[PDB]
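One structure is given here, and the rest of the page talks about it.
There are 2 protein chains.
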Amino acid sequence: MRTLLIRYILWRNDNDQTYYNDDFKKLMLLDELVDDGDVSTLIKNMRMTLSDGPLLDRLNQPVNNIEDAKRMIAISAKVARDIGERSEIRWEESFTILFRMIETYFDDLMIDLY
Amino acid sequence: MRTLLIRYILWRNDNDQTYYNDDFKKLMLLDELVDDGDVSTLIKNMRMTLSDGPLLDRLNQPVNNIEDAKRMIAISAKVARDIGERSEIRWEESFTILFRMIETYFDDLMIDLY
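Residue numbers (PDB author numbering), protein chains in the order written: chain A, 1 to 114; chain C, 1 to 114.
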């Protein structure tokens with residue numbers, strides 16, 4: 001999961017075809033669990049503050065079940081999409097928190113997704 | 001640089017063709033600056049300790065010039081290669097340190113490489 005997720009989120013940010021892979025298809029389904037309202041808001045704060053800030057905060061909320069987890073991957077994916085490819089974001093940090101929160105649900109996420 | 005490097009190192013670890021990209025070619029040249037002796041040693045300690053450990057340490061040495069930087073990318077790349085694709089390594093951490101050390105030489109690395 002770890003590697004796949006890093007590639008997915010990154011791809012979702014620059015859309016570079018050469019780093020695309022059909023597994024993204026299934027992951028992209030999770031988008032549904034996330035309201036484009038929140039995403040839009042988040043994006044706005046990120047640009048208001050010129051920072052990872054807001055996103056890092058959302059990634060720090062708790063995750064008590066696989067649904068929680070899926071949502072967090074989704075919110076990362078959409079932010080990654082809408083924020084811009086020119087955005088100097090230290091993706092390693094976001095991944096660090098994100099995996100800290102969902103690492104444990106990886107096995108089940110695999111199953112649930114593939 | 002940040003994104004390219006994450007993709008390169010990860011690819012160098014599982015060799016998944018679908019995430020391959022010819023820019024890797026140039027980066028792969030840097031291999032030369034790194035002695036396969038060190039890499040082998042490092043790998044051994046990582047397995048002796050069952051951990052990121054050793055690699056994290058090498059990534060923490062200082063980088064005072066672009067040559068230093070290139071070497072560190074190289075050492076990351078070869079470790080990534082020889083360590084194994086089944087190795088549960090939290091790549092986000094290594095990237096965190098690695099970029100902390102070479103982030104500043106990105107622009108010049110681009111130029112020097114492409």
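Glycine is no exception: its CB is placed at the ideal position from the N, C-alpha and C atoms.
Proximity test, Cβ basis, 9 Å: residue i and chain A
{"i": "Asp-107 (chain C)", "result": "no"}
Closer than 9 Å to chain C by CB, residue i
{"i": "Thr-3 (chain A)", "result": "yes"}
{"i": "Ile-6 (chain A)", "result": "yes"}
{"i": "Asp-14 (chain A)", "result": "yes"}
Contact set between residue i and chain A, taken where Cβ atoms lie within less than 7 Å
{"i": "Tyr-19 (chain C)", "result": "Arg-7, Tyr-19 and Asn-21"}
{"i": "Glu-92 (chain C)", "result": "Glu-92, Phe-95, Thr-96 and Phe-99"}
Contacts that residue i makes with chain A (C-beta to C-beta distance below 9 Å)
{"i": "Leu-10 (chain C)", "result": "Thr-3, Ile-6 and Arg-7"}
Pairs of beta-carbons, one from the region 101 to 108 of chain C and one from the region 53 to 70 of chain C, closer than 8 Å: are there three or more? Touching, per the Cβ criterion.
Is it the case that the region 6 to 24 of chain C contacts the region 81 to 97 of chain C, given that we only count it when at least three CB pairs across the two stretches are under 8 Å? yes
Length-filtered (3 minimum) beta strand (DSSP E) runs lying within the region 14 to 44 of chain A: none
Counting beta carbon pairs with one atom in the region 32 to 43 of chain A and one in the region 74 to 86 of chain A, are three or more of them shorter than 8 Å? yes
At 4 residues or longer, what runs of the alpha helix (DSSP H) sit wholly inside the region 36 to 110 of chain A? 36 to 49, 53 to 59, 66 to 83 and 91 to 102
Please confirm if the region 39 to 46 of chain C is in contact with the region 54 to 67 of chain C, defined as three or more CB-CB distances below 8 Å between the two stretches. Yes: the two stretches touch, three or more of their Cβ pairs being nearer than 8 Å.
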